[PDB]
Amino acid sequence: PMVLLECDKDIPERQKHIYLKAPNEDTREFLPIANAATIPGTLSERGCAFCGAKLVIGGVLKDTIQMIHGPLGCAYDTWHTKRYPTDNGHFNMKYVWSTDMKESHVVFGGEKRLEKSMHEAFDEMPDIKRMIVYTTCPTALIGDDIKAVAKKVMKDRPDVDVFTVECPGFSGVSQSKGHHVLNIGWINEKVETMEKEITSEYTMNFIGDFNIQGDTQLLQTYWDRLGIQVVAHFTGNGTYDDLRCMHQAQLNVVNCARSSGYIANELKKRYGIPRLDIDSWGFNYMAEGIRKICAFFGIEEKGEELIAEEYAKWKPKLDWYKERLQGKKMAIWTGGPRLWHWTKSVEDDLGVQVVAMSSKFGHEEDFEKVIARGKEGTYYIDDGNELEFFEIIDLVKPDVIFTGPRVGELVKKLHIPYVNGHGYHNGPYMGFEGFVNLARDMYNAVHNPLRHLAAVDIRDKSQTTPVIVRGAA
Amino acid sequence: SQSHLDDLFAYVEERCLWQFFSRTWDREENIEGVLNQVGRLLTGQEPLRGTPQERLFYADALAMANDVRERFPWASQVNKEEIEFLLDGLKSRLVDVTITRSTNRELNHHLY
Amino acid sequence: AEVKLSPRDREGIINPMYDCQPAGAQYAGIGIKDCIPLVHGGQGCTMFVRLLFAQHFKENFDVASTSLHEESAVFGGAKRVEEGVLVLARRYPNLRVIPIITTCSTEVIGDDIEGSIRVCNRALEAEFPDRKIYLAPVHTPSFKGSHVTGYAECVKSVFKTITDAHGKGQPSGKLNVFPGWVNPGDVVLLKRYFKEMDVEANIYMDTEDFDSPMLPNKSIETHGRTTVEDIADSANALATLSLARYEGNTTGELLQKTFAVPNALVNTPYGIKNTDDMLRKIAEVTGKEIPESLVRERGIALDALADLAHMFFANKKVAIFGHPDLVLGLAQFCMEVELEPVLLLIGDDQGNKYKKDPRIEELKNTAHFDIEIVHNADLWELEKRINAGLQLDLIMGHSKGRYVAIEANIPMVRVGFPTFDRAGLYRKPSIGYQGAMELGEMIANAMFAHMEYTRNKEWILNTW
Ligand code: CLF
Ligand SMILES: [Mg+2]
Ligand SMILES: [Mg+2]
């Protein structure tokens, strides 16, 4: 049924956002409302639309200036917070740019301030010739026309290319709006503005993977082995110009259908490129994915050789962790997709029971997926808040929670260990080896002497301090 | 036939993603495309592999056909007509739950 | 030799040194017991700052958003403020203080915060008759100043609000102390100094418990310790000691103007002399003697630093960035130990104030090497100067500068805020005598490791 938590008695609309799956229910009658307005004052986990454009997607690129048109805080706030390495010395994580909007620009306009800042950026780093310009709350409110500024700069500096995104933080309800605006602008303006050499009979784009701790580089070892050219990664370890070539691919492979399904759908509509959704987390899921790709291409034997070698390498370790993790209870409190990518894969491959899940910004489509895959007796929460999190912990008593670091530091006080569900502990977590990495971190998190020590009150004469026995795969 | 159909439906719900595409018209296309190829594969017919979309439907259907043959001993015992009937039932169930009765408010939005 | 002040010469920023005003206001607020700040703006303005505090402290701090969305951008956001205050109050029965912090969005659209406060005060009075919640309007447009200015503004507004409600009472005998934006370890040190000097004092804000235990009973103790009652008693103090010109002195000035509590602003107590001068001021206002224990801690510091100064520090060139009170104070500490702070970077638009800071004169009359002080600086200004050939032996600054030092192969000591890329720094003092010693030691140890990694006379670390 839908659940009214005790902590929500004064915000009882929240009942329509929380589903407890019970036997025999028709789940079509219990789909949480999702992607609706936030309730003020709740300590919702949600971020802003600008975040979804710049931090999540655009900022992943290795060769592009990220010009945030606004006051300096939006820039500071999206710098030193992500874990998306590159093969060029991590230029993306080392720098952030701002137009340093001042009061006089609010009053008189910021377009000349933006134009100046853009030329300065290109002057300070003469090897960088690509730029994305984002609006933020106040530059949207004052109506600066960043597309027109961009056009002027490209006329004045014919060796650069500039893309613009209108994504002030108040647009939409969450990060999700930023994903949408960026995806549709990119396909409308920049796809099919360049071409590259095709070097394989088999070509794909990999859409919706942001190279968290090297996930994309790990998957790339698969595609290289298989002889598949990846025209563009959207956007892990990617380049601006690769993204201009997306129309050349034969196949679009989608992992993050939330952030990046938009561009896959438009590529299909406009260019006829088929969309294949996979799960690139999960051990048996990764095998299915590879088999689908290879069947599409007609390279089935090459796929089976890769799969066999990966299972010989990694399956014994995975099974060693399953033996120790079987029956453990997990919660997943992340953006959305990882709920449906992980609930059944950790169950199948590790024996882990996901007892509660919360999505900051997922849509009803994400809830359809996760409820389809998820267990009975589990809580499914759209746009969860802090008090709810406490009440859920008391209801389900998880052994481990996969969530962001701040919430991890909070639940630590309850002696519940965490794994960073967003930026990982010791990743990558995608692919065959990655799921073993995920399992190892779950195991170390749970089978941790400090947890046991923290429970002991040294004043209690009836209590001793225990000694715990760990293992390694 | 009801228990067999219940088996197929529980499989697709817990495993597959193609029935959960972003819009109604994509769900409809995928339910029909993939399940037609599943029927071919389960009954020994040559799959369609002409166009890029047919090739993708084959790839999705091959995972399901192989899984169904592994999981369900009945799928190797029933005849071609019974397979076809089941898959028609499965199409109608998947439309029902992913389209007709889904409360996903984005399903009919004309723009992606 | 010249100490020159110059502005950044670019309009735009690359690698900002500070966050915006609302972030500093949030920081102020999380030091108050039973306080949840409410940030009136878009959601990122809250969530990104809660993350920043988790990076620095490795703790969660409660801050709520009004969740400004598109409708409010067209018609105004007051209903979001008013809903947010009530939803906080209804769901957090022990909540006492809500600083209502504006952002760029809500400054631009002009929402009437004081009007919303009147509405909310009426609603709260009616719904919760036996409760008092203090709503403080905090005007923090992000398009001026920085998180330094925002911290100062929030402290002042909170103090105004709570003291307006309670007024002047019976003399407390206590000092008010505004240390500015310091670590829990700095607060621990000051508490110790006041205890050793038998001086009763409230430290605003008392953030010692941000370093909270993991307890057998599972309780959460990660809270500010400064209460309403402590803030209200400010009006009754003997004196205010303000340690940071840009981080609280304006509240000491407000309490002087309103309640005739005399405010004494001193140099922020980085290094030996500034600590000496602080303690002399305390003695002067309280009539209490400096204790022997502080003479001994000072002497232990001096002894430790004397093992370092002429051997490892002399003539070494240092760049320092961070809050203005920290940068100016650390430059003075560096010179006491024979380091040469040749580049000081201060990261906001308050240059017209900084040109009048007396510590600049104090540098001008002591330094024997040219010093460049870049105001309105970003961290690209440091990188660019290194790339143009500035030879540095040491950088002192916060963790968002780390890649400058890493790539230039220059040792870096992490000071100020945020220091996320090393463990435990929030617990170590940087001010006072113990702090000077710990800073000096961090410097030396950073140098020593550098010598080892680079094979630069690494054999010398034996009989120093
Ligand atoms: S919801 Fe998102 S992060 Fe917030 S402002 Fe808006 S785009 Fe940006 Fe920016 S400068 Fe500071 S952090 Fe805000 S108050 Fe403005
Ligand atoms: Mg089922
Ligand atoms: Mg000694």
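These values consider heavy atoms only, across backbone and side chains, with no hydrogens, waters or symmetry-generated copies. Counting starts at 1 for both ligands and their atoms, following the listed order. Reminder, nothing fancy here: chain letters follow the sequence lines and each chain counts from 1.
- Tested against C/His147 for a ring pair (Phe, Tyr, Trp, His ring centres under 6.0 Å), the candidates C/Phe53, C/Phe48, C/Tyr246, C/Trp181 yield a single pass: C/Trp181.
- More than 12 non-hydrogen atoms from other residues, nucleotides or ligands lie less than 6.0 angstrom from CD of A/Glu376.
- Only protein N, O or S atoms were considered, and those under 2.8 Å from atom 2 (Fe) of ligand 1 are A/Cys48 SG.
- Only the side chain of C/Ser142 comes within 4.0 Å of ligand 1, counting heavy atoms alone; its backbone N, CA, C and O stay farther away.
- Within the 4.5 Å cutoff, side-chain heavy atoms of B/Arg27 are placed close to those of B/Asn104.
- Taking every heavy atom of A/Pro71 and a limit of under 4.0 angstrom, the matching atoms of ligand 1 come to 10 (S).
- Those atoms of ligand 1 that come under 4.0 Å of a heavy atom in C/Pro22, given as number and element, are 14 (S).
- Residue contact check for ligand 1: A/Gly70 places no non-hydrogen atom closer than 4.0 Å to it.
- The aromatic rings of A/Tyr95 and C/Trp380 lie perpendicular to each other, with more than 60° between the two planes, well past the 30° mark.
- Ligand 1 places these atoms under 4.0 Å from at least one heavy atom of C/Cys104: 5 (S), 14 (S), 15 (Fe).
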message = Run B/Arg71 and B/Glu14 through salt bridge (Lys or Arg N to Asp or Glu O under 4.0 Å) and show every step you take.
response = CA-CA 13 Å; B/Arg71 295 180 183 208; B/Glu14 78 180 33; 3.2 Å; yes

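- Counting protein heavy atoms only, atom 11 (Fe) of ligand 1 is closest to C/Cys20 SG, 2.3 Å.
- The backbone N or O of A/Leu55 lies less than 3.5 Å from no partner atom in the side chain of A/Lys82, so there is not a single donor-acceptor pair.
- For the pair C/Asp378 and A/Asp100, the minimum side-chain heavy-atom distance is 4.5 Å or more.
- With sequence neighbours left out, C/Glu83 forms a salt bridge (charged side-chain N to carboxylate O under 4.0 Å, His left out) with no residue at all.
- In this pair, A/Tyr76 and C/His398 present their aromatic rings perpendicular. The plane angle is above 60°, beyond the 30 to 60° band.
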